[PDB]
Amino acid sequence: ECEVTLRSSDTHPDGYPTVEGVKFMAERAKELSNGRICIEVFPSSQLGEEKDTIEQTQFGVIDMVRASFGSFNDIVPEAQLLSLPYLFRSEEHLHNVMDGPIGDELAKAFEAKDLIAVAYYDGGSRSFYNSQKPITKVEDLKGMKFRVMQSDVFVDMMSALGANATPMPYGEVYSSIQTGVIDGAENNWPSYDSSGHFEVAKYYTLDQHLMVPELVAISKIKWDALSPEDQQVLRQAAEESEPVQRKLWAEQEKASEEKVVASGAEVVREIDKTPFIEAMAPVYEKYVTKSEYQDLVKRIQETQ
Ligand SMILES: O=C(O)[C@H]1O[C@@H](O)[C@H](O)[C@@H](O)[C@@H]1O
C-alpha cells in the first residue's frame, strides 16, 4: 500500500473547501489505484507559506500544491494576467472560462514552469476590509495601507486607487492588522472568516475588485516519474474533486458571511463599482503587453 506517496500543501486549515477538495481527491485516487497512490494533505501552511510552497513544488520537494494564481507573481506570467481586477463578471463566467480552451492554454503555461495543473478550484471574489473606517467610495481608500498578495499587479491596483500596497504572505496579515502596521487587506468571505481577520478588521466593503483563479498543481518532476496508469488516476481524481469543491465553496461563502456578520462585521453593500473599475485603466495598460495577452483578455470578456 501507498507505494506512491504525494505530499500536498495548502495554506488554509482543515475543513476549508480547498482542503476538503484535495482530501476527496486523495480518497478517490487511493480507491481508484487500489491503495497504491496515497496523497497526504498538509494544511495550515505546515510546509511553508504559499509562494514558498509553489517554488518547492517546482523543485519537486513538495509533490502537489493548491494555490491562488495571485501567489505566482512573475513565475507564470499568464497567471498574473488572469489576476487583473474586474476581469471576470461572476463565478459562472470564470467557470466557463477555466472549463474551456482558455483553461487548457493556462495549463500549458503552468507546464512550461514545471507544474501540472490537474484542477481549477473556486475562490469567489475579493473585497476590502480594514480596521480604521467604512469604505463607502473610492476616495475613502486614499493614503491607506492594505496588504495584498505577492504579485506586482496588486501593488499597481492599490496605487491606482490612491492607496499603498504591502505584499506579504497570508499568515502574517492578522498580526500586521492587529498591531496597526497596516490598515487592512482584501479577500473572500471564507478567508476573512477562517483567518481571523474579521476579529481585527470589522469593516468590510463588497467592492469585489478581484476574482483570482486557483489550481491544484502537481510537480512536473514528480509527475514525469509516474506511470501513465497513475497519471490517469490522479487526473481522474482531480477532475472528480472539482464539482465537489465548487459546492463546498458555495456553502462556505454563505456560512462565513453569516458567521462574521453575527460577530459584528460592519458590511457596506451596494457600492457603486464604476469608479473602482475606471481607476484600473493604468493597471490593464501595464500588464496587457502583447497580442498573446490582449487576445486572451478579449476572449475572456467574450466568454458567456
Ligand atoms: O490572500 C491570500 O494570500 C490567500 O487568499 C485566499 O483567498 C486564497 O485561497 C489563498 O490561496 C491565498 O493564499
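Remember, it's 1-based here, ligands and their atoms both numbered in the order they're listed. Side chains included, hydrogens not; waters and symmetry mates left out as well; all remaining heavy atoms used. Counting begins at 1 with the first residue of the sequence.
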Starting from atom 5 (O) of ligand 1, locate the nearest protein heavy atom and write down its residue, its atom name and how far away it is, to 0.1 Å. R126 NH1, 2.9 Å
Quick check against the 3.5 Å criterion: does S191 have a side-chain atom that pairs as donor or acceptor with the backbone of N188? no
Is it true that a side-chain atom of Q245 and a backbone atom of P17 form a donor plus acceptor pair closer than 3.5 Å? no
Consider every N or O of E214 and every N or O of ligand 1, then say whether any pair is closer than 3.5 Å. yes
Please classify the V212 to ligand 1 contact at 4.0 Å (heavy-atom distances, strictly less than): side chain, backbone, both or neither. neither
Main-chain N/O of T274 paired with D272 side-chain donor or acceptor, under 3.5 Å: yes
Using a plain distance cutoff, I'd like to know if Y170 has any nitrogen or oxygen under 3.5 Å from a nitrogen or oxygen of ligand 1. no
Please confirm whether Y16 comes within less than 3.5 Å of ligand 1 when only nitrogen or oxygen atoms on both sides are compared. no
Would the distance check show the side chain of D140 and the main-chain N or O of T136 forming a donor-acceptor pair, the cut-off being under 3.5 Å? yes
At a 4.0 Å threshold, what atoms of ligand 1 neighbour a non-hydrogen atom of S68? 11 (O)
Minimum-distance protein heavy atom relative to atom 13 (O) of ligand 1: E50 OE1, 3.2 Å
Residue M149 vicinity, atoms of ligand 1 by number, heavy atom under 4.0 Å: 1 (O), 2 (C), 3 (O)
Short version for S191: what comes under 4.0 Å of ligand 1, heavy atoms counted, is side chain
Just to be sure I'm reading this right: ignoring hydrogens, which of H12, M168, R147, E49 gets closest to atom 3 (O) of ligand 1? Compare them by their nearest heavy atoms. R147
Residue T11 vicinity, atoms of ligand 1 by number, heavy atom under 4.0 Å: 13 (O)
Expected output: side-chain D114 to main-chain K220 donor-acceptor under 3.5 Å: no
Taking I135's backbone N and O only, do any of them form a donor-acceptor pair with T205's side chain (distance below 3.5 Å, no angle check)? yes
Check for a donor-acceptor pair, side chain of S175 on one end and backbone N or O of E172 on the other, with a separation under 3.5 Å. no
Taking the ring centre of each residue, are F276 and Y86 less than 6.0 Å apart? no
Could you tell me whether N187 approaches ligand 1 through its side chain, its backbone, both or neither, with non-hydrogen atoms closer than 4.0 Å? side chain
